[PDB]
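A.B. asks: Starting off with a structure, shown below.
Here the Cβ is made from the backbone with ideal geometry for all residues, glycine too, and neighbour counts use every protein chain on show. Values quoted throughout were computed directly from the atomic coordinates according to the rules given, and no laboratory measurement underlies them.
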Amino acid sequence: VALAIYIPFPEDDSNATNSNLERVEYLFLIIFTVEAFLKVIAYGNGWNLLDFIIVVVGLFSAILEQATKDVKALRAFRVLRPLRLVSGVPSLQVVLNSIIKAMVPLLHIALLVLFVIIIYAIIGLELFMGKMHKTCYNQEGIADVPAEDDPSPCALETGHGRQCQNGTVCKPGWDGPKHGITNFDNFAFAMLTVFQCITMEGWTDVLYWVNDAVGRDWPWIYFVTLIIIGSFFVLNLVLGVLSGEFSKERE
Amino acid sequence: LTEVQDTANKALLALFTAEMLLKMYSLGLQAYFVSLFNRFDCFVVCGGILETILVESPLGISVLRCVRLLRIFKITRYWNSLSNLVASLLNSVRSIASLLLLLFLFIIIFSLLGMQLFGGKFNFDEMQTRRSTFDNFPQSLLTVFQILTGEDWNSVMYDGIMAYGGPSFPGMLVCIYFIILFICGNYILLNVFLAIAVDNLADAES
Amino acid sequence: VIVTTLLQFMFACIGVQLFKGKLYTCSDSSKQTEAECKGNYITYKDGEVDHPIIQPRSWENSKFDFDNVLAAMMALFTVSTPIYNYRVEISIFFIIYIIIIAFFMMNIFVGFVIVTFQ
Amino acid sequence: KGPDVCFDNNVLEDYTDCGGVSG
Amino acid sequence: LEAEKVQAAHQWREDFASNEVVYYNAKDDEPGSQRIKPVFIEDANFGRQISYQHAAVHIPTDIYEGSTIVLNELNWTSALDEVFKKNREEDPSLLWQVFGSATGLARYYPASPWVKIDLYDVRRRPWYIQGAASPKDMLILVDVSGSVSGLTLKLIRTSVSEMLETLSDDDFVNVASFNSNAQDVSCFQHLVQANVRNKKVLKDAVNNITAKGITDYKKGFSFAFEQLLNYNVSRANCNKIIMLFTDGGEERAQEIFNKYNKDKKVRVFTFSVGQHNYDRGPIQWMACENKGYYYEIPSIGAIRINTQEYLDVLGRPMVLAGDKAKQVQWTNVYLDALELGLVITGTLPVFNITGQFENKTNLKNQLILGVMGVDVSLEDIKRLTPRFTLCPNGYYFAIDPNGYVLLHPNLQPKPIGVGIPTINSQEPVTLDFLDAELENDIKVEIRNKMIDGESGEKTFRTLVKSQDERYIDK
Amino acid sequence: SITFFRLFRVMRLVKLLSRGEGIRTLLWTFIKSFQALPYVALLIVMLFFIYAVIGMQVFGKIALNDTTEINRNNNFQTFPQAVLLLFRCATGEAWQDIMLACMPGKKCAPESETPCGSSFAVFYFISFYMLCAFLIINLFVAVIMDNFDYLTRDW
Amino acid sequence: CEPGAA
Ligand SMILES: *[C@@H]1O[C@H](CO)[C@@H](O[C@@H]2O[C@H](CO)[C@@H](O[C@@H]3O[C@H](CO)[C@@H](O[C@@H]4O[C@H](CO)[C@@H](O)[C@H](O)[C@H]4NC(C)=O)[C@H](O)[C@H]3NC(C)=O)[C@H](O)[C@H]2NC(C)=O)[C@H](O)[C@H]1NC(C)=O
Ligand SMILES: *[C@@H]1O[C@H](CO)[C@@H](O[C@@H]2O[C@H](CO)[C@@H](O[C@@H]3O[C@H](CO)[C@@H](O)[C@H](O)[C@H]3NC(C)=O)[C@H](O)[C@H]2NC(C)=O)[C@H](O)[C@H]1NC(C)=O
Ligand SMILES: COCC(CCO[C@H]1CC[C@@]2(C)C(=CC[C@H]3[C@@H]4C[C@@H]5O[C@]6(CC[C@@H](C)CO6)[C@@H](C)[C@@H]5[C@@]4(C)CC[C@@H]32)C1)COC
Ligand SMILES: *[C@@H]1O[C@H](CO)[C@@H](O[C@@H]2O[C@H](CO)[C@@H](O)[C@H](O)[C@H]2NC(C)=O)[C@H](O)[C@H]1NC(C)=O
Ligand SMILES: *[C@@H]1O[C@H](CO)[C@@H](O[C@@H]2O[C@H](CO)[C@@H](O)[C@H](O)[C@H]2NC(C)=O)[C@H](O)[C@H]1NC(C)=O
Ligand SMILES: *[C@@H]1O[C@H](CO)[C@@H](O)[C@H](O)[C@H]1NC(C)=O
Ligand SMILES: [Ca+2]
Ligand SMILES: [Ca+2]
């Protein structure tokens, strides 16, 4: 309830409380260290490793920054402290073992979602990569993508893709379909695009951009498949694996 | 209309009271309070008394009247299902208490990370109002839920992946987060649901 | 289908009692009374101080108008099919119809199915 | 050379009408 | 005098449908308000079509006719047409007579149709402001801390740039900023005359500020009070006010207010800018303890109105003066909104004196109903100085008590420049005497001796420039 | 074309799946049951087919305007494109807006030569979404149930 | 004067 107050701010402005919560983080970082060392004296396992790393990173980060006056990351670890809520209280720790022990069978399914994604990303960069960079770029004058706002890959007067009308002209440029993050250009963007794509969250849109760029005859086969072999088929296995496990428990 | 509604409630409320009151003597006081439904009935009649003595804020009155929708289902229309569903509902909700707890812990953890990680980095200088923004924990929770629901979760990815930095190299290690939330959260969510089904409906239906 | 239908009825009969008359508003944010909202105002396209636009003021009820049980009824279908003036609250209301809906749409159905397994 | 007239600091002024004293 | 008498006798009524009001709207080609169709006969002196039968009314596009306020203001401002005309027959050479009401509507005579987007507002014009309050010594405090970054920063920059347009050359201004450290935004470091040039520097410097750091109201206010106690430089020796442009906070800074103004000679006006959820409690406290007001600016639409409403607070001591505050003041030369050339405008504020005979109202009577105005074209003045009896090298010229020429052969009906134009009537034509012609040392003492209202003759040799700007003669 | 003969290489990677018993068996099993789902598959294709001919005949000539949702990439003018639009709706991709685009008042296409876009739309799309969801839950349940031995075994 | 450029 201390990490849920500090309002995170523009630039560096701070209210009295924030600094005053950085103050009590200097109490939470003298209690957690005396606890740590007093318990070390006893023994010197697993869950306790979370305690150790949280403390290490902690005191560290602070003292480091102590004189420094960019924690962010260095202080974005303390959000792992609420894991000790699970660790200490044994009421939901058993629920966590049940959850973990139910996912063990469906690791073959996590080794296959990955294979489908990889095969698709690789196939994809091979056919559609680098073709999404044009866009109706003007009004026979001099400026930027005019196409209303939505710019959508356009295709020169020879590629059967979208053809641009009016006094617009297709020409290279346009970083991308959508800030460049929804393109098969490069491999990583490709794997990610395929992934966002199989989750059935805008699969039609990627398809339309691709349809615009390379013509409509063969882009679609690749997506219909990705979806049918990627979501419906893959979706069933998890249910099948999970349900079978429940029944064992029910039994 | 307003006249009529008031006039009706005034008498309709007296009605339920006398009835419940007489039903008290015939039945065994103890067993009467025993049946969950009867008990809830008593509770909400008390609600009417409370609202009346109050009239002796509009929002509060409306809330109390929302409470009085008990009788609405008192008739237990189609109890064949109504009863089972409500009974099951109590059983079901009770059954997955701890799983729901874990889900909430996970959500809170992520929301805090969200505000730490992307909080403050969403000023893209556009009057555009972003419903999803890790500005504060309340909104943080909202953003996380939208991502979990996938309403505009891919869009929220862009915010971070275009915030910390452009669509470049170190500016994408922000995405490795919006996924860990869409697989893990959704995984836990599905686990929690199924339980409802396979582990109750059946026990109940059999 | 009928279970969900009746629920959406009762849930929204709750809405009417709680949100009636709290969505009506005017184009000019400055104005806060229906009477005040009469005439024309100025809007700067994309916050362009140099882009004045003389729009006309009007008092309009927002979407999901719980003006009567009915509209709430259809909106409830709409969720299946302002920003924080009072929205945050409505938000949670538009999350429960869900929970409850599914909760039993599944319950009655998947459990209904098993006989298929028998 | 500035104006020779100056009108401020009157004791009889209401002093009680701000923009937040009411709301 | 006929505006205070008629307004006092006015009875506030809220029903207008059964008894309509009749008037001519300036910008036109409605139940509760009848409209007049004038004849619009063409007439000289003016350069347009005018009607001498009634007075026109201009209502801003944002304000709405029909409001109980506007409609109420349209009856008690109807006996003005009788005195508007009575002025005309006595002096047929009378130019525009205007009553700029505090509601926002201006009623001027003779009636003439209004001249793309009509942004005219009678409460922002230079002739209105100079008659609505005494000169001021405003210092603008801008919060450039971290939390104001984003939309609220572009609202602050516009707000500061929009209130600097409410200052004439008789007022002295300076803009500071605090971000846990207080400094000026420009090369000034003290109060400046706030003329056309100095305001441009402040506007340019304000547009280049960046929001980053920690807010600190004590250091910001110590700088604000220190700059108001210079007395080494030229100042107005008048209304000392402070404008604080922030969003919200939790600091009251009561020690600073207890150290610098115990007797409260400095008004503090606080503006809460932008849409946020920070505490506005302390912001309202500084506006009430110090003799100020609290304003809120949540969007671009509210920037314009909220930046001229600080003048009705400054007019409170002027109202209580009585008949001693009714002196006609003349503005600098400027271009008329209704195109008539270069004109100067007389001014006279009108007070709310309802219940004056009963002697106990003192509720809204501390505010002014509006500001009167009559225009004098520079052509009328030039007709009083015959020239052809002189040689073509001699001429008359008169200047303000600021150095600005009221009439000069060099003063042209064109706005003055302030810099190089770039592409990606509102301002007075303030040309100094030393810039109208060549500058000599003897002509500086001549200029100073004319500001002091002295009378003397001097003969000497000087450098004159030909009509075309190519030669120099002695 | 040349490209097709190129993709080939990548495929080989699949052979790396013909390895671990754990992955081999699961797929083989469900694949060995993706034939005993006939009646809940012919039924689905039947649905698509019928709704499509119907659709192509009523909501067909609605003119195409890129600014709207019945654009050249999601029209209703060739059996194939209509089946693609129906697959979108089934995949739950903003089916709503497609529906609104099919209400009366839309102008008839130039080749068609606003008397277009019958109101049946609501019934169509909503009926479709519903029927589709069902038939699909039937599919999943069918498959798993049929294969409920592997899905639960004391190895 | 003729406008510049920016
Ligand atoms: C010059 O000063 C005089 C007074 O010194 C001023 O005349 C007075 O103005 C008020 C309003 O500004 C008139 O309004 C009366 O009283 C209230 C106003 O508060 C009106 O009733 C409502 O009041 C509520 C809030 O109190 C509010 O809704 C709204 O302000 C009013 N309208 C309604 C009905 O919702 C009354 O309607 C009105 N009187 C009645 C009973 O009709 C007073 O009449 C005036 N007071 C005096 C002493 O005459 C005058 O406006 C100032 N000059 C100018 C140009 O404004
Ligand atoms: C704003 O409110 C009213 C709108 O017209 C005006 O009040 C009306 O003025 C009329 C013109 O004088 C009156 O008619 C005559 O009034 C005189 C003076 O009392 C008398 O001769 C008669 O009453 C009447 N003549 C007739 C009937 O032949 C209205 O009686 C009068 N009505 C009311 C309710 O006051 C106001 O004058 C106007 N404001 C200004 C400044 O003019
Ligand atoms: C060989 O026969 C053995 C048989 C075994 C009993 O099977 C049980 C196992 C769970 C199972 C198959 C049962 C009913 C509905 C099935 C659900 C339909 C729902 O559909 C989904 C799809 C995805 C979600 C969006 C919605 O719900 C799944 C989560 C849910 C589902 C697939 C989970 C699995 C459920 C009953 C007993 O025989 C008498
Ligand atoms: C001018 O301003 C200064 C400070 O704002 C006043 O204070 C004097 O500063 C000068 C230079 O530091 C010195 O004369 C003394 O240190 C200060 N006191 C006096 C009495 O001069 C100064 O009074 C102001 N006026 C003048 C004429 O300098
Ligand atoms: C105009 O030009 C004259 C001549 O160049 C300048 O006046 C001379 O200035 C110098 C330097 O101060 C003096 O030594 C001379 O005595 C001046 N000449 C005179 C007074 O005749 C100056 O640049 C201009 N003179 C003006 C504006 O009066
Ligand atoms: C206006 O001034 C002139 C100049 O003396 C003169 O006609 C008279 O004083 C005024 N005219 C009038 C009062 O009609
Ligand atoms: Ca979706
Ligand atoms: Ca701050």
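A.B. asks: Among the numbered criteria (1) surrounded by 19 or more Cβ atoms within 10 Å (Cβ to Cβ); (2) in a helix (DSSP H, G or I), which one does A:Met132 miss?
C.D. replies: Unmet condition: (2).
A.B. asks: Given the conditions (1) assigned to a loop (DSSP other than H, G, I, E, B); (2) within 30 Å of E:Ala224 (Cα to Cα); (3) more than 14 Å from chain D (Cβ to nearest Cβ), report the number of the one that E:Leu340 does not fulfil.
C.D. replies: Failed condition: (2).
A.B. asks: So in segment E:103-117, with the set limited to residues that are among the aliphatic types (A, V, I, L, M) and in a loop (DSSP other than H, G, I, E, B), which one is surrounded by the fewest Cβ atoms within 10 Å (Cβ to Cβ)?
C.D. replies: Checked segment E:103-117; the qualifying residue surrounded by the fewest Cβ atoms within 10 Å (Cβ to Cβ) is E:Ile117.
A.B. asks: Separate question: When you scan segment A:3-16, how many residues do you find that are over 17 Å from E:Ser180 (Cα atoms) and either of a type outside the set (A, V, I, L, M, F, W, C) or surrounded by 18 or more Cβ atoms within 10 Å (Cβ to Cβ) (or both)? Quick ask: steps written out before the conclusion?
C.D. replies: Going residue by residue through segment A:3-16, those that are over 17 Å from E:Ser180 (Cα atoms) are A:3-8.
If we keep only those that are either of a type outside the set (A, V, I, L, M, F, W, C) or surrounded by 18 or more Cβ atoms within 10 Å (Cβ to Cβ) (or both) too, we end up with A:3, A:6-8.
Here the count works out to 4.
A.B. asks: Then there's this: For segment E:461-471, does any single residue satisfy the condition of being surrounded by 10 or more Cβ atoms within 10 Å (Cβ to Cβ), assigned to a loop (DSSP other than H, G, I, E, B), hydroxyl-bearing (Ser, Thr, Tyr) and more than 16 Å from ligand 7 (Cβ to nearest atom)?
C.D. replies: The answer is yes; a qualifying residue exists.
A.B. asks: Quick check: anything in segment C:60-68 exposed (fewer than 12 other Cβ atoms within 10 Å of the Cβ) and charged (D, E, K, R)?
C.D. replies: Scanning segment C:60-68, I find at least one residue that is exposed (fewer than 12 other Cβ atoms within 10 Å of the Cβ) and charged (D, E, K, R), so the answer is yes.
A.B. asks: Within segment E:86-106, is there a residue that is within 16 Å of ligand 2 (Cβ to nearest atom), touching a strand residue (DSSP E or B) at 6+ places or on another chain (Cβ under 8 Å) and away from chain C (no Cβ under 14 Å)?
C.D. replies: yes
A.B. asks: Right, something else. For E:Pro38, state whether it is more than 14 Å from chain C (Cβ to nearest Cβ) and not in a helix (DSSP H, G or I).
C.D. replies: Criteria met by E:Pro38.
A.B. asks: As an exercise: evaluate E:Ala224 against (1) in a loop (DSSP other than H, G, I, E, B); (2) crowded, with 19+ Cβ neighbours inside 10 Å and give the number of the one condition it does not meet.
C.D. replies: Just one mismatch for E:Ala224, condition (1).
A.B. asks: Also, I was wondering about something else. Name the one entry in E:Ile41, E:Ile50, E:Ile59 that is away from ligand 2 (no atom under 13 Å from the Cβ), of a type in the set (A, V, I, L, M) and surrounded by fewer than 19 Cβ atoms within 10 Å (Cβ to Cβ).
C.D. replies: Going through E:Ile41, E:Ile50, E:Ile59 in turn, just one is away from ligand 2 (no atom under 13 Å from the Cβ), of a type in the set (A, V, I, L, M) and surrounded by fewer than 19 Cβ atoms within 10 Å (Cβ to Cβ): E:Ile41.
A.B. asks: Sticking with this one: Quick check on my filter: what residues within segment A:177-188 are closer than 23 Å to A:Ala147 by Cβ and at the interface with another protein chain (Cβ under 8 Å from one of its Cβ atoms)?
C.D. replies: The answer is A:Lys178, A:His179, A:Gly180, A:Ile181.
A.B. asks: I need a count of the residues in segment A:78-109 that are at the interface with chain B (Cβ under 9 Å from one of its Cβ atoms), surrounded by 11 or more Cβ atoms within 10 Å (Cβ to Cβ) and hydrophobic (A, V, I, L, M, F, W, C).
C.D. replies: Qualifying residue count for the region: 11.
A.B. asks: Just checking: which of the helices (runs of 4 or more DSSP H) contained wholly in segment B:78-182 hold 2 or more residues that are within 9 Å of chain A (Cβ to nearest Cβ) and farther than 27 Å from A:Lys178 by Cα?
C.D. replies: Helices (runs of 4 or more DSSP H) meeting the threshold: B:97-117.
A.B. asks: So which residues in segment F:7-30 are within 7 Å of chain A (Cβ to nearest Cβ) and over 28 Å from F:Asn147 (Cα atoms)?
C.D. replies: Residues satisfying the conditions are F:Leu7, F:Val10.
A.B. asks: Within segment A:208-226, take every residue that is farther than 15 Å from A:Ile123 by Cα and within 8 Å of chain F (Cβ to nearest Cβ) and give me the one that is surrounded by the fewest Cβ atoms within 10 Å (Cβ to Cβ).
C.D. replies: Checking each candidate, the answer is A:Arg216.
A.B. asks: Considering (1) within 11 Å of another protein chain (Cβ to nearest Cβ); (2) closer than 21 Å to F:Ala82 by Cβ; (3) among the small types (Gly, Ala, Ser), say which one F:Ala142 fails and leave the rest.
C.D. replies: Status for F:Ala142: all satisfied but (2).
A.B. asks: Same structure again: For segment E:79-102, enumerate the residues that are out of contact with any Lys or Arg (no Cβ under 9 Å at 6 or more places or on another chain) and either part of a loop (DSSP other than H, G, I, E, B) or crowded, with 18+ Cβ neighbours inside 10 Å (or both).
C.D. replies: Those that are out of contact with any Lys or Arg (no Cβ under 9 Å at 6 or more places or on another chain) and either part of a loop (DSSP other than H, G, I, E, B) or crowded, with 18+ Cβ neighbours inside 10 Å (or both): E:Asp91, E:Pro92, E:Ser93, E:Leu95, E:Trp96.
A.B. asks: Would you be able to say whether some residue in segment E:212-220 is more than 16 Å from ligand 1 (Cβ to nearest atom), surrounded by fewer than 18 Cβ atoms within 10 Å (Cβ to Cβ) and of a type in the set (S, T, N, Q)?
C.D. replies: Checked against the condition, which is being more than 16 Å from ligand 1 (Cβ to nearest atom), surrounded by fewer than 18 Cβ atoms within 10 Å (Cβ to Cβ) and of a type in the set (S, T, N, Q), segment E:212-220 yields no hits at all.
A.B. asks: Among the polar types (S, T, N, Q), surrounded by 15 or more Cβ atoms within 10 Å (Cβ to Cβ) and within 16 Å of ligand 1 (Cβ to nearest atom) - does that describe any residue in segment E:342-361?
C.D. replies: yes
A.B. asks: Let me ask something else about it. So, in segment E:229-239, how many residues would count as being surrounded by fewer than 22 Cβ atoms within 10 Å (Cβ to Cβ) and within 17 Å of D:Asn9 (Cβ to Cβ)?
C.D. replies: Looking only at that region, the number is 5.
A.B. asks: Name the residues in segment E:423-437 that are surrounded by fewer than 17 Cβ atoms within 10 Å (Cβ to Cβ) and either in a loop (DSSP other than H, G, I, E, B) or among the aromatic types (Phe, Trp, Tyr) (or both), would you? Please lay out each step first, then the result.
C.D. replies: From segment E:423-437, those surrounded by fewer than 17 Cβ atoms within 10 Å (Cβ to Cβ) are E:423-427, E:432, E:434-435; that's our starting set.
E:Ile423, E:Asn424, E:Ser425, E:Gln426, E:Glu427 - these are the residues of segment E:423-437 that are surrounded by fewer than 17 Cβ atoms within 10 Å (Cβ to Cβ) and either in a loop (DSSP other than H, G, I, E, B) or among the aromatic types (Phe, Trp, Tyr) (or both).
A.B. asks: What pairs come up if the first residue lies in segment E:76-93 and is more than 16 Å from ligand 4 (Cβ to nearest atom), the second is of a type in the set (A, V, I, L, M), and their beta carbons are under 6 Å apart, counting only those six or more places apart or on different chains?
C.D. replies: Listed by first residue and then by second, the contacts come to E:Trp76/E:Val6; E:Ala79/E:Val6; E:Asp81/E:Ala55; E:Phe84/E:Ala55; E:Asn87/E:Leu94; E:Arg88/E:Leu94.
A.B. asks: Considering only segment C:1-48, state which residues are among the hydrophobic types (A, V, I, L, M, F, W, C), assigned to a loop (DSSP other than H, G, I, E, B) and surrounded by 17 or more Cβ atoms within 10 Å (Cβ to Cβ).
C.D. replies: Those that are among the hydrophobic types (A, V, I, L, M, F, W, C), assigned to a loop (DSSP other than H, G, I, E, B) and surrounded by 17 or more Cβ atoms within 10 Å (Cβ to Cβ): C:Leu23, C:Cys37.
A.B. asks: Can you find a residue that is in contact with a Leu (Cβ under 8 Å, 6 or more places away or on another chain), farther than 30 Å from B:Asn136 by Cα, of a type outside the set (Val, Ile, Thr) and in a helix (DSSP H, G or I) anywhere in segment E:227-241?
C.D. replies: yes
A.B. asks: List, please: which pairs have Cβ atoms under 6 Å, are six or more places apart or on different chains, and start with a residue in segment F:87-101 that is on the phi < 0 side of the Ramachandran plot and end with one that is of a type in the set (A, V, I, L, M)?
C.D. replies: F:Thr91/A:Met200; F:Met99/F:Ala121; F:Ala101/F:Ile70
A.B. asks: Return yes when F:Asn71 is surrounded by fewer than 15 Cβ atoms within 10 Å (Cβ to Cβ) and closer than 26 Å to A:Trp218 by Cβ and no when it is not.
C.D. replies: yes
A.B. asks: Another question, if that's okay. Take the conditions closer than 26 Å to A:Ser231 by Cα and more than 16 Å from ligand 7 (Cβ to nearest atom) and apply them to F:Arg72. Does it pass?
C.D. replies: Judged against the criteria, F:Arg72 is not a match.
A.B. asks: Turning to a different aspect of this structure: With the structure loaded, tell me whether E:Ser18 is part of a loop (DSSP other than H, G, I, E, B), among the small types (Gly, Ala, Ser) and under 29 Å from the mean Cα position of the chain (by Cα) or whether it fails that test.
C.D. replies: When the stated conditions are applied, E:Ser18 does not pass them.
A.B. asks: On to the next question. Out of E:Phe245, E:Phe257, E:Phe271, I need the residue that is away from ligand 8 (no atom under 16 Å from the Cβ), surrounded by 14 or more Cβ atoms within 10 Å (Cβ to Cβ) and either within 14 Å of chain D (Cβ to nearest Cβ) or not in a loop (DSSP other than H, G, I, E, B) (or both). Which one?
C.D. replies: E:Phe257
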